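Laid out below as structure tokens are two forms of one and the same protein chain, each shown alone and named structure 1 and structure 2.
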Structure 1
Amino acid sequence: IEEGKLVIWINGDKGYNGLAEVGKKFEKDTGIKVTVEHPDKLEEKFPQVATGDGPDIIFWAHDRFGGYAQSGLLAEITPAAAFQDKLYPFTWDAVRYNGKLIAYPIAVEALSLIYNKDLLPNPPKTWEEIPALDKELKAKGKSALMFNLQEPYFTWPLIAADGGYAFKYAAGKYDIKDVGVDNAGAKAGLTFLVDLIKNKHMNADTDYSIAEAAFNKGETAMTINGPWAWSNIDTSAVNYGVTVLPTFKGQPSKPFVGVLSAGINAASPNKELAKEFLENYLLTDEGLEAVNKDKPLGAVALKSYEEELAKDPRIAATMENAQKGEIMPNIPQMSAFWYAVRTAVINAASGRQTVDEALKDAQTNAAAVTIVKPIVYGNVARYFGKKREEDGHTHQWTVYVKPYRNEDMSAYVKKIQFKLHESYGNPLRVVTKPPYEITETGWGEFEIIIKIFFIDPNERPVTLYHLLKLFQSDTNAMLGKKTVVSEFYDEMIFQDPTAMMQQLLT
């Protein structure tokens, strides 16, 4: 990652232009250029890199930061007590993982019901009214309700209303063996969603763009969305209200509450510059104002500015919904939960599965523990000045497997076996301690079979296949006999590993 520069990653639905303005002010004072980017799937891309060209700062809801901290991707932020007192202590709790602060909290987010005051003067208090309301609106060429059915974030409040939950809290922590995805409450909620689609009140294909376009053109009376969505509605001709989500079975819809958070990349050489920008430029009245102006943040973590914005009824409604909802866990298993429920809702909504089938798989998938160990492997190969005439060897090479992160791989790896071509003596080379590598000379390329064994003999060994590369394929580097580096990134995946093995992997 380039030094004397800040690269920031924020999601494309947030005020990235507003953030850029805070970056320009930072550049004005320090001379340090801030580059704000909104890459697709940044929250999936971040671990793949973070890095070479990974960001200095990453923005997301707090739910994903626990997984990043487990992998060791985040720097422990070091805000002074004077600074911590300026933000709401609730927001600090959301960015804490294993007793340590791993991100700066920016703003509290919750979904609200947004409705067209011209089309729908009195919004419905219940989900159960919406079919009737839609039939009445369909007669006038309009629809009652359209929201993102592709992302479980938007459908969860309905699923959770009558008893759906992610992880049961027990013994002072989230119990990841107790998932609340296929109980009567969850089934009732998703069934109500599936029935809306079966009855033509909603369309399984509806995504963020379609719902937003539909509501903002006055085609649908209602949508479900967060504060970030208000800017585009302002630009439209729609008179909108932000209100409490409809009740289901007489119980409030329970949106998962998000704390938009800024993490500092552990690989960043600009940790001090990141601290300065986040503490003294973004998390200020003027800084949050520039971002909020672009796309509203919700209830900001900075007390001073939250008090200035608190009187906005749209924020009051946001916090009303937040209070009836649940703070998202930040634990690593939240990733698995979100993917499982995304599958369940899309399959149930499309009609590939029944509600019972879809939620039974999600129950299993949400509880499936996956531990990922990124690795690098391959070879370096150096050309001799000239061919050694005795055995015709032209190259010295090292084949190797290394952890991608700076860790002791021998904590979970028992041994690595490198199977060389028959032309070598003792072709089965076994390495029981690091470094996991074999150095040799030769004349020829050939496939090396690499077999990685784990301390738990029941944990199935990983087999890798590597073509030992001696000769450069690039023509200019071929003419120049330049040193060959053929190495590959890969991730070893451990599924529901034994208790012993989980400790060794973490």
Structure 2
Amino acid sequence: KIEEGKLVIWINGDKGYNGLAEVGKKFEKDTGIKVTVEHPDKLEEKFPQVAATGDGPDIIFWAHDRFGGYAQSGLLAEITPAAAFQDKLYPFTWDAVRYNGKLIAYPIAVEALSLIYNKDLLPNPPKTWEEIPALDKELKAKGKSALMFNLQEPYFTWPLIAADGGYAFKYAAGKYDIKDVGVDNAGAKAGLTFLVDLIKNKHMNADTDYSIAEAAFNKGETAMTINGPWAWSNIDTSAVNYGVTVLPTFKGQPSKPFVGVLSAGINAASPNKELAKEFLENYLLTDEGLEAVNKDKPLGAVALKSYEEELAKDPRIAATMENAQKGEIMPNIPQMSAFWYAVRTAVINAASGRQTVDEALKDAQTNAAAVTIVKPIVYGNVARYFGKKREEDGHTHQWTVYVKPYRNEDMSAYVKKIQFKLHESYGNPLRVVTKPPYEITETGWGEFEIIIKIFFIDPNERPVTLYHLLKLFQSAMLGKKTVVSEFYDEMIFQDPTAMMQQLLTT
């Protein structure tokens, strides 16, 4: 469970979590409510896996692209900012956090990648990707390199891939078409081919990650990096005099960075929704709160009009907005995680020779379009100990073995029947339930494996089989209290029929 009377906030370790901690103390000084800020690794993965079972933080911070998928999986409370509060942020930022006409997060700040150049090593930054090899040669002469950035995260390579016609999903008729992916067009191939040729020609190194690229640029070892506003603090700390500028063009085209809106969502499972609204609207999303975060790690172009205007004069923020303007706002649709996973695969493989560009992107094109629907379920048994052992048969317990949907939905929409196979010591051990609740009540003396087979109204949709050890004895101060052994799992429907997609989606 999420502890009440406290706020737990998750934010990525590249963002100003110390400055958020300061807003945290401010909130605690005022309200007596303890705020704890954590930066767990792979939180874009950790939040959905914990929040699935109603655990994790009260507040989750990530780029808005993940939030449609979070809200789709029921992981987010719809936020209730008054009209007055909405006027204080840019309408553009609210759009990034609107899924199915519902606001599902508080926008914080607009992030785009820029080219970051050591002004000493390189007074005049390259206007093109193409001139970079010749620059890395002139610089390899002096024991330097031209360019190092994170090749492990497709976010950083995507601007190049998008430059000559790569796209995620083509927007049309007021929605993104998840069948029309632009990952394996001539544009996308030319961009990823150029990245691969930079590696093959030792202008760059395929294992270069965030830490290596950053550490390299901040020690003055590499003339350029590609990174977002958050990276500026560590460069400020370093001796490096740096410019933030427009990304190089590729084949004469602007590099097109995916534009993220750093967004703050409230956990659906939070007992502290009012406290999270208070903290976000009235402490964080103020000039004082954003300054406290921004001075730790720059946010970019903040959603809050008042503070955006104060910061707008900074040329690093103008370059960010220039790159953003050449880029595309990321969709927030659930399919973005599939797209990102697919392109991470293609870029890493291609970059490390494991695949060619054409294989990698052909694979990524198919993976980015792959519809995966998730039905979270709970299954197991409740078992109530009788007053005393019935001697007739020797049974000690009444038990119910069950499968139910995790979230209160109508499982019968797509489930035709659930079969529970009991031990041979039961007559008609193959018990079938065609209608909810999907459960069998029985009496017995023993624990045995029950096999549970779930059937779908589309019979082509392969049945799911579960294994449950019926439990009667937990063994623990609980006495006549009903013993519980239930488990959360997720049923996964990969590219199901439109019939099945319809019943699977309420």
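When a residue number appears, read it as a position in the sequence of structure 1, where counting begins at 1. Rigid core (definition): largest C-alpha set, two forms, superposition within 1.5 Å.
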After the core is superposed, which of these residues, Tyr383, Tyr339, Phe192, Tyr165, moves its CA 2 Å or more between structures 1 and 2?
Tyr383
C-alpha of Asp496: shift of 2 angstroms or more between structures 1 and 2, rigid core aligned?
no
Does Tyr88 move its CA by 2 angstroms or more between structures 1 and 2 when the core is aligned?
no
Aligned on the rigid core, do the two forms place the Cα of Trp397 2 Å or more apart, comparing between structures 1 and 2?
yes
With the two forms matched on the core, what distance in Å separates the two CA positions of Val484 between structures 1 and 2?
5.0
After superposing on the rigid core, what is the C-alpha displacement of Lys41 between structures 1 and 2, in Å?
1.3
